[PDB]
Structures are given as C-alpha cells and as structure tokens.
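> chains from the complex, first installment, not repositioned:
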Amino acid sequence: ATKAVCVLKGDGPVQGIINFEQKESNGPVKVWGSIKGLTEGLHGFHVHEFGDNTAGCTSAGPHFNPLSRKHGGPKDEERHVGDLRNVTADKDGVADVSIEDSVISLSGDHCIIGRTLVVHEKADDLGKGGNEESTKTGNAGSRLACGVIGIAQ
C-alpha cells in the first residue's frame, strides 16, 4: 500500500487535512478527511499540476492533465486526472470528505504525490457549463486553500 496526506491552508478561514490511501498499483485511491471554514454547499476539488506554493495557490498551475484532455466530471472518460468529486460543506462550514477515485494514483503515470490539492470557492460544473472555461477548469472560482500532497507513513 501507499499513503499520502495534504494539509490545506489559504488566506481565509479554510483549512483541512486530506488523507490518501492506495492498497495496490493501479487500484482505487481512498481520499478522506475534513475541511472547515467553507461556505455551505458544493466546492470544486482538484489536483493541480505543480506542487509549487511560492505564490500561494496561484503557482500550482492548471489541473493535472498529462494527456491534455478536456475538463470533466470524475465519472467521465474525458476528464483531467485531477478532476475529483466536488466536496460538500454542511451548515457549520465543514466538509467530511469521502471519495474513491481510480483515475488518480499514488504511483505511475497518474501519480499525484508532489502535486497540489486545491479546494475552490464555488462548485465545479463538471465541464457541462457550456462555455470554454467550463471545459478547462469547471468554473469553480477562486482557490481558497491548497497544499502539496506528501508521502505519509
């Protein structure tokens, strides 16, 4: 098995810890943890290409997308590797994240270790918003908090 972890922080109140676990090569990756400080409702949740937080979340680059495909929803064939399910914050601003994704990986060509996890202002429109930015980013608005994805024990 491989494990990874990410501490999300930013300039507002959003903060969280997200865990990743993959039992075997090419297997499903479990992604779970809690993010607080969010507005009630859906928030885009992405793996961005670069683990570069020198300019805060801005320096993380675009969605992780090694084959230069269009933005999609997590269940789509045509998606970026970094296109994870929106997270849902409750009335108290807390998202209890629980995702299983078999497109991301903790090894190989879809490895996300050393890349940046970002939680967004608004819901990701799953690439179905009907405009060019929908097909690139999902129109999830600003990058509220982020962190680099690290190897965990």
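Ah, there it is. Numbers count the residues shown, from 1 in each chain, chains lettered A, B, ... in the order given.
> tell me the SS of the most centrally placed residue in chain A?
By CA atoms, centre = their mean, chain A has its centre lying nearest to residue A:46, at 2.4 Å. Per DSSP: H, G, I helix; E, B strand; the rest coil, the secondary structure class of residue A:46 is strand.
> what's the distance between it and residue A:127?
Using CB to CB, to the nearest Å, residue A:46 is found at 12 Å from residue A:127. Where you see a C-beta, it was placed from the backbone N, CA and C, and this is true even at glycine.
> what is in contact with those two at once?
A:83, A:138 (CB atoms under 8 Å, 6 or more residues apart in numbering).
> residue A:99 bridge partners, please.
residue A:31 (DSSP bridges).
> for it, the count of nearby residues, please.
Residue A:99: 19 surrounding residues under other CB atoms under 10 Å.
> and the gap between it and residue A:61?
Residue A:99 sits 22 Å away from residue A:61, taking CB to CB as the criterion.
> now swap in residue A:113 and tell me
Taking CB to CB as the measure, residue A:113 falls 16 Å from residue A:61.
> what pairs with the residue nearest to the centre of chain A across the strands?
In beta-bridge terms (that is, DSSP bridges), residue A:46 pairs with residue A:83, residue A:118.
> all strands for chain A, in order.
A:2-8, A:15-22, A:29-36, A:41-43, A:45-48, A:54-57, A:87-89, A:95-101, A:116-120, A:143-148, A:150-152 (DSSP state E).
> could you give the angle of the second one to strand A:95-101?
Strand A:15-22 runs at 20 degrees relative to strand A:95-101, counting by axes from the mean of the first three to the mean of the last three CA atoms, to 10 degrees.
> build in chain B:
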Amino acid sequence: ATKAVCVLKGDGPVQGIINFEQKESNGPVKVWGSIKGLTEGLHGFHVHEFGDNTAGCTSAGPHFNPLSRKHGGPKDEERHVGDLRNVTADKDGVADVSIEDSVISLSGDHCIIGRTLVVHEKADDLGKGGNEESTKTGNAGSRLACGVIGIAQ
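Chain B added:
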C-alpha cells in the same frame, strides 16, 4: 530536466524558498534559494522521510534513509539520502543556499519529491559527535521550518 520546489515555513520567524533542478536522470541535483530568520552561522538541512505536515515539522519522520544507513556528512559514503550540507546564515539571518548533491534525486529510489525539507536550530555535526544520536540525526536541534517538496514547472 526535472524541477522541484519547497516553501519552508514554521511558526513565524524562519521562512524560505528552495529550488531543485536535475538536468538528467541519475545526475546531480542543484539546490538553491534563500532562507531568512535564522541565527548567524551553520544550520542543519535535511530531507526527512514523510511529506506530512499535519503536526507541523514533527510529523516529517526521520531522515530519508531507504537502506537504513548511518547519518553522515554529505561527502561521506555512509550517509542518509537526506543528509544535505549545512546551510550558512549571514549576519542578517539570511542563508543563500547553493548546493549540488549527487545522492538525492528527483526520480527513482532516491526521489525526494513528496518528502519534507527541514532547516534546523543548530549545525549538523556530520555524524562525528561521538554519540548515538549523532549517528542518527546529527544533533541539529529543533526543526525551525519545513515544507513538502513539490514538482515545479
């Protein structure tokens, strides 16, 4: 070439940005950047095993050491993979870091991407301090600042 970057943070005083570049596979890695907030003189500088900042720098684990070797200086055959040269801070508390290291790597068995870079309170004693902790950690004191090493553009 592969590139990586690390933003070093702690609890306020010590902050820095460190760049990594490896022009070829199995080639030397250039390590350079600036750390501020330090006391003048030598400070330990290590790659620790885990990219886990959930408990600040304390959760980074031991020195990166895949073959379970003893701690050493960077020019020693017997060293940890993570045993980088001490950095030197000037009279204004700034270390202008400039290292070339052929033991760390940005791919393969010695890959440091997704691990934690740490700058320390005191000088690393190069494993020559004559005690068991010398042979384990170099007796560099507290972890002043750290960050996860991320893939850079």
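> correct me, but the residue nearest to the centre of chain A touches residue A:120?
Yes - shown here, residue A:46 and residue A:120 form a contact pair, counting by CB atoms under 8 Å, at 7.2 Å.
> what do the two both touch?
Shared contacts of residue A:46 and residue A:120, defined by CB atoms under 8 Å, 6 or more residues apart in numbering or on different chains, comprise residue A:140.
> and residue A:49, how far from residue A:16?
Residue A:49 is 21 Å from residue A:16, by CB to CB.
> check residue A:132 too.
30 Å.
> comparing those two, which residue is more hemmed in?
residue A:16 (22 against 8; other CB atoms under 10 Å in any protein chain shown).
> my read: that one touches residue A:95, true?
Yes - the pair formed by residue A:16 and residue A:95 meets the contact definition of CB under 8 Å, at 7.4 Å.
> mind listing the shared neighbours of those two?
A:34-36, A:119.
> can you pick the most crowded of those?
In the shared contacts of residue A:16 and residue A:95, the most neighbours by other CB under 10 Å go to residue A:119, 30 neighbours.
> dump the residue contacts of that one.
A:8, A:14, A:16, A:35, A:38, A:43-45, A:87, A:95, A:143-146.
> recalculate using a threshold of 6 Å.
Residue A:119 makes contacts with A:8, A:35, A:43, A:45, A:144-145, as judged by CB atoms under 6 Å, 6 or more residues apart in numbering or on different chains.
> residues of chain A that sit close to chain B?
A:5, A:7, A:17, A:50-54, A:113-114, A:148, A:150-153 (CB under 6 Å from any CB of the partner chain).
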